[PDB]
Amino acid sequence: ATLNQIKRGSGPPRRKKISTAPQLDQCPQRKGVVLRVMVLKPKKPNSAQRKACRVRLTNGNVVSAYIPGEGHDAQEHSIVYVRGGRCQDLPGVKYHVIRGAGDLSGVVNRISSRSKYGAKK
Amino acid sequence: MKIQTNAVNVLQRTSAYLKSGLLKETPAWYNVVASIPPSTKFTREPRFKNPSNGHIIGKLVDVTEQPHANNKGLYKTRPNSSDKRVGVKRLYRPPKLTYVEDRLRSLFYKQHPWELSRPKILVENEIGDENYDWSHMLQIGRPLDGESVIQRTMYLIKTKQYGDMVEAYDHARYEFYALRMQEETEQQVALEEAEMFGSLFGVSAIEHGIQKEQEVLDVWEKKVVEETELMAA
Amino acid sequence: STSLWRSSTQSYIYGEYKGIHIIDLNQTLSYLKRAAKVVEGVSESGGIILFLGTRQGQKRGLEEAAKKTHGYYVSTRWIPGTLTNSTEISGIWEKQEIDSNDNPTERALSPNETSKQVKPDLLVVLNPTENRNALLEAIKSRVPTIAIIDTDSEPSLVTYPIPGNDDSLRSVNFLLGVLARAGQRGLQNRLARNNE
Amino acid sequence: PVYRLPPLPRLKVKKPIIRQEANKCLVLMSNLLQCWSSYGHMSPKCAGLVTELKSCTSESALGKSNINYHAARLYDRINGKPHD
Amino acid sequence: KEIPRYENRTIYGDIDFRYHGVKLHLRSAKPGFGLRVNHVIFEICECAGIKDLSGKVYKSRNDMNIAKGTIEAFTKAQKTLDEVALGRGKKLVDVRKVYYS
Amino acid sequence: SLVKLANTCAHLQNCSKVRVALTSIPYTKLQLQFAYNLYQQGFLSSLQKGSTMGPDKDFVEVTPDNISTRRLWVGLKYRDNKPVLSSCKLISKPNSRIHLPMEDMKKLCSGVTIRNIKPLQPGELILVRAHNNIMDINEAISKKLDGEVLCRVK
RNA sequence: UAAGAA
RNA sequence: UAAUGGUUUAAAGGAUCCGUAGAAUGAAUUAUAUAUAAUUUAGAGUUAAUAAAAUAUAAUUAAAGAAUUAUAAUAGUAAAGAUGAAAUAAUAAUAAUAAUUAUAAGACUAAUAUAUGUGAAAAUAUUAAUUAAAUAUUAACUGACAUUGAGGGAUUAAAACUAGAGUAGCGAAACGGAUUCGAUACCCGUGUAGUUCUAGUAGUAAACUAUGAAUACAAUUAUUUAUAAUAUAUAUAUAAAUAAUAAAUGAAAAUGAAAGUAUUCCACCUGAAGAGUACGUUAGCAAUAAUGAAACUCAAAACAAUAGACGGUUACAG
RNA sequence: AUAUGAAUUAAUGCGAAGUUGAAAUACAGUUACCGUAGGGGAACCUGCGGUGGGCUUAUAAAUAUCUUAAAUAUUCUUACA
Ligand SMILES: [Mg+2]
Ligand SMILES: [Mg+2]
Ligand SMILES: [Mg+2]
Ligand SMILES: [Mg+2]
Ligand SMILES: [Mg+2]
Ligand SMILES: [Mg+2]
Ligand SMILES: [Mg+2]
Ligand SMILES: [Mg+2]
Ligand SMILES: [Mg+2]
Ligand SMILES: [Mg+2]
Ligand SMILES: [Mg+2]
Ligand SMILES: [Mg+2]
Ligand SMILES: [Mg+2]
Ligand SMILES: [Mg+2]
Ligand SMILES: [Mg+2]
Ligand SMILES: [Mg+2]
Ligand SMILES: [Mg+2]
Ligand SMILES: [Mg+2]
Ligand SMILES: [Mg+2]
Ligand SMILES: [Mg+2]
Ligand SMILES: [Mg+2]
Ligand SMILES: [Mg+2]
Ligand SMILES: [Mg+2]
Ligand SMILES: [Mg+2]
Ligand SMILES: [Mg+2]
Ligand SMILES: [Mg+2]
Ligand SMILES: [Mg+2]
């Protein structure tokens with residue numbers, strides 16, 4: 001609070017924006033291999049059977065990635081691409097798989113938001 | 001309480017209302033208040049003299065102005081700790097009004113406790129109407145009481161007919177006795193002369209006191225008997 | 001008493017004597033003349049003057065001040081909201097049209113006219129310490145006010161203070177009679193020019 | 001010593017004590033019974049008491065404080081609270 | 001109320017006013033400068049006739065307290081040039097007002 | 001002494017809050033120059049030499065015999081239910097002394113925040129010390145004189 | 001030339 | 001995209017003081033270029049005198065008092081003790097308990113009393129002595145010698161430990177008796193460690209005013225408290241403390257001469273949880289003390305106040 | 001020195017529906033909490049000091065007086081003096 005204390009290092013804490021996807025190592029996405037496909041239960045009050053998968057990335061980190069879209073064709077040893085973005089109601093799942101990239105096909109018969117689901121016109 | 005702003009600025013707020021058009025008609029007081037502004041300072045004001053005795057407030061005597069040894073034989077060569085303390089509070093404290101007469105009013109009634117039994121009226125008639133010459137004690141429009149003695153004493157002092165307040169006070173005392181003896185003889189002789197011509201009075205002071213004592217004592221008897229009977233049981 | 005001093009009244013005080021504060025009567029006289037001139041000016045302008053005093057034996061002086069100023073008075077109790085809530089309190093009582101000479105015209109008023117607020121042009125309070133509600137309402141309703149300010153009273157709560165004793169009926173009646181006579185002179189001047 | 005109090009929510013006596021005047025009948029009865037205990041039953045030495053008892057109990061066998069009001073009325077005036 | 005305004009478009013100087021938990025920092029602005037302030041203050045300025053104003057709100061940003069405290073800031077924490085001049089017995093001249101005659 | 005000047009600034013604010021018409025400040029060259037600048041600028045109604053007890057009615061000559069009991073008595077101004085001297089603050093603090101050249105002083109007088117100092121306000125007086133002379137900032141600009149920016153008074 | 005929001 | 005912040009209660013004053021560095025801050029007048037020099041006494045000190053119980057605080061040494069427990073007797077008799085009510089492997093016919101004496105031992109300190117006060121804090125109130133410290137005002141003297149204070153130093157409740165003494169009462173643990181559905185608890189009985197003293201170690205407490213120190217200043221009232229007068233009376237002046245406040249501040253509760261107005265220096269805080277945890281290091285006989293992370297998870301979490309509901313919550317009435 | 005695996009191993013976080021005690025919040029039914037020690041798997045229980053962030057929530061042993069009471073005060077409208 002005093003001037004000599006501010007000189008010695010006192011000041012406002014930095015508004016430091018922590019990385020929410022540390023396992024990508026500051027990459028837009030990483031290629032990975034799915035170790036298994038899981039069906040998890042969201043936190044309450046939400047109720048569903050959420051589609052996820054464990055994926056080992058090329059940098060060696062193993063993460064849990066949500067599989068978006070109505071239906072997916074992910075299976076053990078599938079090559080996937082993983083970007084940031086958590087699944088809010090699944091604790092521990094902090095990544096998303098990219099539909100339409102790698103061995104994961106785009107959503108079938110998607111009409112709206114096709115680019116978010118790897119679907120052609 | 002915070003110094004209020006909105007009682008003394010009613011004109012300014014009213015004029016804002018009038019200029020904006022929120023108020024159509026000017027009030028009847030508006031021009032009057034505009035021509036007679038309120039006082040809006042509300043400051044504390046220092047004072048530099050006691051009104052009653054003329055003592056100056058806010059003067060410090062310097063060591064140069066005390067070149068002579070004090071009662072203990074010591075010269076004053078530097079300021080003491082009282083002189084070094086800021087005495088601004090004394091400038092704002094309402095001064096205690098003092099009069100020598102009050103010391104001399106206390107003495108009289110210590111020497112004449114039965115002069116306190118003479119009823120006094122504190123309701124003033126008109127202080128401006130008083131034109132007294134205190135060369136004598138009796139005054140038209142005044143009673144004879146301790147204040148006559150004390151005003152005569154002060155008169156004798158201010159004319160230097162006596163140098164010491166004690167002697168002037170004693171002179172006034174003896175004049176006061178001279179007048180009181182005359183008054184009491186007048187009263188007694190008036191009553192005697194009245195009785196000698198067939199004045200028939202009813203209850204006197206003694207009979208008044210007797211009757212009041214009887215009124216009280218009847219109730220006292222009743223209470224005593226009731227309490228004794230209750231105690232016996 | 002010096003033990004009940006409100007120090008914001010410091011500049012009005014002459015000294016202390018016998019355990020009480022003495023009010024500087026030169027200042028009292030100056031403030032009293034100013035307030036009397038305000039009363040006279042308001043009565044001369046045909047404004048409404050209200051005399052408020054709620055202590056025991058003040059009714060006679062208040063009534064006489066009102067009657068010789070063609071004014072109004074209250075001595076029983078100040079209903080809180082009498083100014084700021086005038087519709088709910090004073091809206092039912094009757095009102096009257098009068099000419100320049102204060103002669104009743106006996107005209108029929110509309111219900112809308114009867115329902116309007118009729119705010120005093122001047123409020124004079126004899127005991128402002130026990131009448132804070134009236135002072136605050138006058139401030140909100142923007143009514144200039146005169147009051148007798150004793151050693152324990154807040155001076156800034158009134159437009160035109162008069163330093164003086166508010167506890168003695170003689171002192172209060174003296175000041176009130178002075179103000180009432182000033183109002184009477186203003187009224188007489190108004191009638192004089194309206195008769196010329 | 002003077003012990004001034006802080007500003008109180010009230011000034012009230014919990015159970016104000018009152019002037020319970022004793023019944024004359026019971027006092028007369030006690031005196032008469034004492035007389036009978038000392039001077040014997042149906043003694044003539046206090047027939048007067050008997051008479052008085054008979055006269056006082058004849059029609060009926062048995063023959064509030066305001067402090068809180070005044071305390072509540074006056075508390076604000078006398079409490080010596082400093083000005084607002 | 002009546003709000004003092006310099007040239008009927010802005011506030012006279014700068015205001016650093018605390019109203020309960022709200023710290024207001026208002027700054028007068030040049031002609032043509034907009035109302036670059038908190039939205040509550042913007043609405044109050046639109047109603048009051050303030051056209052040019054810059055400012056920032058710190059600590060509490062409660063809308064009700066901002067609204068109420070900005071009005072005490074305008075009425076209590078402002079002194080017009082006339083008030084200052086008469087209080088100090090000095091002449092306060094606006095240099096831009098005199099540059100253009 | 002900036003500590004004593006800060007004490008005087010705070011004391012003036014305190015005396016304006018309660019609306020005392022007359023108060024005292026320490027008797028020093030800096031204090032006297034500051035009070036004189038306030039008096040000439042219209043913030044004070046009167047400036048007198050005096051003692052710890054009050055202002056001097058007649059001239060009293062200051063010597064080491066009475067130096068410890070000298071004070072400077074200042075009269076405060078009020079108008080329209082507002083103090084003329086509301087705020088009085090130091091710019092150059094004892095632990096951060098701010099010395100500006102004439103160009104930065106002109107920038108400060110023209111609305112620029114220099115060294116975190118808020119610029120001069122419409123009715124404000126900023127005092128500057130140069131060669132042990134206190135003086136108005138605009139006067140220092142006119143005389144082309146760099147100096148220590150000392151205090152604001154509004 | 002310093003605006004905040006959920 | 002908020003420090004144009006905070007730390008009584010939301011995160012945050014160091015247990016306390018002493019004091020080193022400070023590239024921290026700090027009186028007055030004059031002269032010469034922020035310094036040097038000469039002057040000054042307002043801060044800070046020294047020594048006397050005077051007044052006062054400087055009584056209280058610290059160490060040391062020497063004493064007193066009521067009671068408790070046990071032992072022995074005396075007479076006397078059948079129960080005693082405890083509990084809500086009972087029962088207890090060790091109350092009593094081996095004469096108990098109660099009473100009256102007499103011996104012994106430890107520990108404690110009733111009233112005064114308010115911790116008023118004293119002490120840096122921790123602490124400290126049965127008595128006396130020795131030594132040491134602490135008050136106010138005057139006189140003289142020094143001439144800024146000051147403030148604060150990183151690191152450092154010292155002291156530091158209760159518990160705990162190491163030795164040696166002591167051990168009457170109380171009493172962790174343990175063993176029993178109850179209660180209970182259950183008792184691992186509250187209650188009852190024996191009762192070890194500890195509580196006591198001597199020499200140490202350790203350096204933590206809600207070590208609290210949950211509030212660092214210093215300086216300048218700001219409106220009142222009432223009490224005391226301590227001096228200084230003046231003749232119990234001046235409802236006597238000048239100080240400190242306490243109580244209620246104005247203003248001011250504040251999220252408010254509230255603070256109130258500081259939580260106000262300012263200045264200086266230091267300590268500390270930056271969502272909850274993980275966590276005062278792990279690891280490392282230092283110290284210690286140990287217990288531990290200090291220093292003190294991160295990953296993971298979440299959009300929480302907290303403070304003041306408001307209105308209810310509730311309470312094995314109070315009082316008054318009917 | 002530093003990184004990487006590691007059998008085994010200590011802690012801790014989260015989630016679904018549940019499960020068990022009655023420790024805290026009211027006098028929470030044994031005042032809570034801080035420090036420390038012992039016991040207990042643990043919640044907790046017990047000992048010693050400290051704090052209020054619990055008791056300031058504080059609210060009677062009660063009795064009162066004498067001067068012209070009216071042909072006089074109470075009336076009074078800028079009057080008189
Ligand atoms: Mg979509
Ligand atoms: Mg009064
Ligand atoms: Mg910034
Ligand atoms: Mg807490
Ligand atoms: Mg906290
Ligand atoms: Mg502390
Ligand atoms: Mg702490
Ligand atoms: Mg004792
Ligand atoms: Mg130190
Ligand atoms: Mg203890
Ligand atoms: Mg021990
Ligand atoms: Mg041992
Ligand atoms: Mg033992
Ligand atoms: Mg036991
Ligand atoms: Mg239990
Ligand atoms: Mg036990
Ligand atoms: Mg040690
Ligand atoms: Mg610990
Ligand atoms: Mg600690
Ligand atoms: Mg705060
Ligand atoms: Mg540890
Ligand atoms: Mg429980
Ligand atoms: Mg409990
Ligand atoms: Mg156990
Ligand atoms: Mg303690
Ligand atoms: Mg409780
Ligand atoms: Mg409480």
Side-chain angles (χ1 to χ4, degrees), chain A residues 1-5 8 11-13 15 40-44 91-92, chain B residues 1-3 44 72 74 77-82 84-85 103 106 203 205 208-209 211-213 215-216, chain C residues 2-8 10 19 64 67-68 181 184, chain D residues 1-8 10-19 65 67 71 80-84, chain E residues 16 18 20-21 23 25 27 29 33 35-39 41-42 54-61, chain F residues 1-4 6-11 13-15 17-18 20 26-29 64 67-70 89-90 93-95 111 113 116 118:
Chain A
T2 69
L3 199 59
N4 290 333
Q5 282 172 350
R8 283 194 290 273
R15 298 177 72 169
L40 292 93
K41 302 295 289 183
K43 296 181 288 187
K44 301 284 184 272
Chain B
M1 181 182 199
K2 185 182 176 181
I3 294 161
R44 318 292 174 91
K72 294 180 176 67
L74 299 158
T77 61
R78 56 174 58 85
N80 57 327
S81 68
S82 290
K84 278 180 278 174
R85 259 190 283 283
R103 179 273 182 281
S106 296
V203 65
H208 194 295
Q211 186 39 36
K212 298 298 292 184
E213 289 165 32
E215 292 178 355
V216 162
Chain C
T2 56
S3 299
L4 298 158
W5 184 34
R6 202 189 269 280
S7 66
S8 72
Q10 181 270 349
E64 294 294 328
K67 182 174 73 175
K68 76 166 61 173
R181 186 145 188 216
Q184 190 184 234
Chain D
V2 164
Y3 298 98
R4 296 193 183 283
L5 299 180
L8 299 175
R10 69 197 170 280
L11 187 72
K12 188 175 182 179
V13 176
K14 290 183 177 176
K15 275 230 181 163
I17 67 176
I18 60 169
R19 298 292 183 184
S65 180
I67 187 62
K81 67 184 289 184
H83 69 261
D84 56 70
Chain E
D16 306 278
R18 186 145 176 179
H20 296 264
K23 305 180 192 159
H25 300 282
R27 300 181 291 278
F33 198 100
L35 288 176
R36 315 194 197 177
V37 288
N38 173 265
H39 57 102
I41 303 171
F42 166 85
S54 169
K56 185 68 174 172
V57 185
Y58 291 165
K59 196 179 160 52
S60 184
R61 290 184 185 165
Chain F
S1 178
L2 289 185
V3 169
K4 293 177 71 61
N7 293 329
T8 294
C9 287
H11 172 73
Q13 298 195 133
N14 295 332
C15 283
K17 277 286 187 290
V18 297
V20 291
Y27 177 83
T28 76
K29 186 161 174 279
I67 185 59
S68 64
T69 60
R70 293 312 88 187
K89 181 63 70 177
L90 291 201
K93 290 177 68 178
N95 74 341
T113 308
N116 295 289
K118 290 191 179 181

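Basis for what follows: all heavy atoms, side chains included, without hydrogens, waters or symmetry-related copies. Order of the sequence lines fixes the chain letters, A, B, ..., with proteins taken first and strands second; residue numbering starts at 1 for each chain.
- Counting to the nearest Å, the P atom of G:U1 and the CZ atom of E:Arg27 are 12 Å from each other.
- Checking I:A62, H:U264, H:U1 against every side-chain atom of D:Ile17, the shortest atom distance belongs to I:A62.
- Each of D:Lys15 and C:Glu64 was assigned the nucleotide of RNA chain I with the nearest heavy atom; the assignment lying further toward the 5' end belongs to D:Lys15.
- In the set I:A60, H:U261, H:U137, the nucleotide with an atom closest to the side chain of B:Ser81 is H:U137.
- Across all strands shown, C:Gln184 has heavy atoms under 4.0 Å from base atoms, whether or not it also approaches the sugar-phosphate.
- A donor-acceptor contact under 3.5 Å is formed by the side chain of A:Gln5 with the base of H:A267.
- Not a single donor-acceptor pair, N or O on each side, falls under 3.5 Å between the base of H:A243 and the side chain of D:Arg4.
- Spacing between atom CG of A:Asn4 and atom P of H:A213 amounts to 20 Å, rounded to whole angstrom units.
- With both hydrogen-bonding distances under 3.5 Å, H:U261 and H:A216 qualify as a Watson-Crick or G-U wobble pair.
- H:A300 and H:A259 have their P atoms separated by 37 Å, with the value rounded to a whole Å.
- Taking a pair to require two hydrogen-bonding distances under 3.5 Å in either a Watson-Crick or a G-U wobble arrangement, H:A222 pairs with H:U242.
- The A:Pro91 side chain lies nearest to H:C298 when the options are I:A62, I:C66, H:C298.
- Put simply, A:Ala1 sticks its side chain into the major groove, getting closer than 5.0 Å to the bases there.
- With both atom-pair distances required to fall under 3.5 Å, a Watson-Crick or G-U wobble pair links H:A3 to H:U270.
- Base pairing of I:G47 is made with I:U36, judged by Watson-Crick or G-U wobble geometry with both donor-acceptor distances under 3.5 Å.
- Within the shown strands, nothing qualifies as a pairing partner of H:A202 under the Watson-Crick or G-U definition with both distances less than 3.5 Å.
- For I:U72, the ring torsion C1'-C2'-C3'-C4' comes out negative, which puts the sugar in the south group.
- Using the Watson-Crick or G-U wobble rule with both distances under 3.5 Å, H:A15 pairs with H:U155.
- Here I:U59 presents its P atom at 10 Å from CG of D:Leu8, a figure rounded to the nearest Å.
- For the pair I:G40 and I:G41, the rule of 5.5 Å between ring centres and 30° between base planes classifies them as not stacked.
- Residue contacts for D:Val13: at a heavy-atom cut-off of 4.0 Å it reaches a base atom on one of the strands shown.
- Note on C:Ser3: a side-chain N or O is less than 4.0 Å away from OP1 or OP2 of H:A222.
- A glycosidic torsion no more than 90° from 0 defines the syn conformation; H:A226 lies beyond that range and is anti.
- Of the two residues near RNA chain I, A:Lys41 and D:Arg10, the one whose nearest nucleotide lies more 5' is A:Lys41.
- Counting non-hydrogen atoms under 4.0 angstrom, A:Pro13 reaches a base of the nucleic acid.
- Taking 3.5 Å as the upper bound for both contacts, H:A24 does not pair with H:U137 in Watson-Crick or G-U wobble fashion.
- Atoms CG (E:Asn38) and P (G:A2) sit 14 Å apart, rounded to a whole Å.
- An aromatic stack links B:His208 and the base of I:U67, using centre distance under 5.5 Å and interplanar angle under 30°.
- With hydrogens and angles ignored, a donor-acceptor pair under 3.5 angstrom links the side chain of C:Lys68 to the base of I:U78.
- No Watson-Crick or G-U wobble pair links H:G194 with H:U100 when both atom distances must be under 3.5 Å.
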Is there a side chain to side chain contact (heavy atoms under 4.5 Å, CB included) between F:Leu90 and F:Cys9 once you walk through the steps?
CA-CA 8 Å; F:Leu90 291 201; F:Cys9 287; 3.8 Å; yes

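- Nucleotide H:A283 has H:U288 as its partner under the Watson-Crick or G-U criteria, with both atom distances under 3.5 Å.
- The partner of H:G43 is H:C145, by the rule that a Watson-Crick or G-U pair needs both atom distances under 3.5 Å.
- Residue contacts for E:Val37: at a heavy-atom cut-off of 4.0 Å it reaches a base atom on one of the strands shown.
- In this structure H:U7 sits in the anti conformation; its chi angle is more than 90° from 0.
- Not a single donor-acceptor pair under 3.5 Å links the side chain of B:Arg78 to the backbone N or O of B:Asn80.
- For the strand neighbours H:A66 and H:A67, base stacking is present under the 5.5 Å centre-distance and 30-degree plane-angle rule.
- Rounded to the nearest 0.5 angstrom, A:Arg8 CZ and A:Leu3 CG are separated by 10.0 Å.
- Distance check, rounded to the nearest 0.5 Å: NZ of E:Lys23 to OG of E:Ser60 gives 10.5 Å.
- Atom NZ in B:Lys2 sits about 17 Å away from atom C1' in H:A218, given to the nearest Å.
- Of the nucleotides present, H:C197 is the one that pairs with H:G164 by Watson-Crick or G-U wobble criteria, both distances under 3.5 Å.
- Within the shown strands, nothing qualifies as a pairing partner of H:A257 under the Watson-Crick or G-U definition with both distances less than 3.5 Å.
- Taking atom P in both H:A172 and H:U195, one finds a spacing of 15 Å when rounded to whole Å.
- Within 3.5 Å, no donor on the side chain of B:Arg78 pairs with an acceptor on the base of H:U138, nor the reverse.
- In this entry the distance linking CD1 of B:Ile3 with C1' of H:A218 reads 13 Å, nearest Å.
- Taken together, H:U32 and H:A56 do not constitute a Watson-Crick or G-U wobble pair, since the relevant N/O distances do not both lie under 3.5 Å.
- Ion pairing between a basic and an acidic side chain is recognised when a charged N comes within 4.0 Å of a carboxylate O; D:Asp84 and C:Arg6 show such pairing.
- If you check H:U291 against H:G280, you find a Watson-Crick or G-U wobble pair, both contacts below 3.5 Å.
- The side chain of A:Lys43 lies closest to H:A299, out of H:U25, H:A299, H:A239.
- Among I:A60, H:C265, H:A222, the nucleotide with an atom closest to any side-chain atom of F:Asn95 is H:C265.
- Between F:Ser68 atom OG and F:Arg70 atom CZ the span is 8.0 Å, to the nearest 0.5 Å.
- Here F:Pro26 lies out of heavy-atom contact (under 4.0 Å) with every strand.
- Spacing between atom NZ of B:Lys212 and atom P of I:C66 amounts to 5 Å, rounded to whole angstrom units.
- Under 3.5 Å, the side chain of C:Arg181 and the base of I:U78 form at least one donor-acceptor pair of N or O atoms.
- Listed nucleotides: H:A42, G:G4, H:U25. Nearest to the side chain of F:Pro94: H:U25.
- Under a 3.5 Å limit on both donor-acceptor distances, the bases of H:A226 and H:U238 meet the Watson-Crick or G-U wobble criterion.
- With centroids closer than 5.5 Å and planes inclined by less than 30 degrees as the test, E:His25 and the base of H:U4 pass as a stacked pair.
- Judged by the 3.5 Å cutoff on both pairing distances, H:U124 and H:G117 qualify as a Watson-Crick or G-U wobble pair.
- Taking the side chain of F:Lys17 as heavy atoms from C-beta on, and the options H:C298, H:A248, H:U138, the nearest nucleotide is H:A248.
- Between the side chain of F:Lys118 and the base of H:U4, a donor-acceptor pair under 3.5 Å is found.
- Within 4.0 Å of F:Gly111, counting heavy atoms only, lies no atom of the nucleic acid at all.
- Of the candidates G:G4, I:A60, H:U29, H:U29 carries the atom nearest the F:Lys29 side chain, counting heavy atoms from C-beta on.
- At a cut-off of 3.5 angstrom, the base of I:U77 holds at least one donor-acceptor pair with the side chain of C:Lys67.
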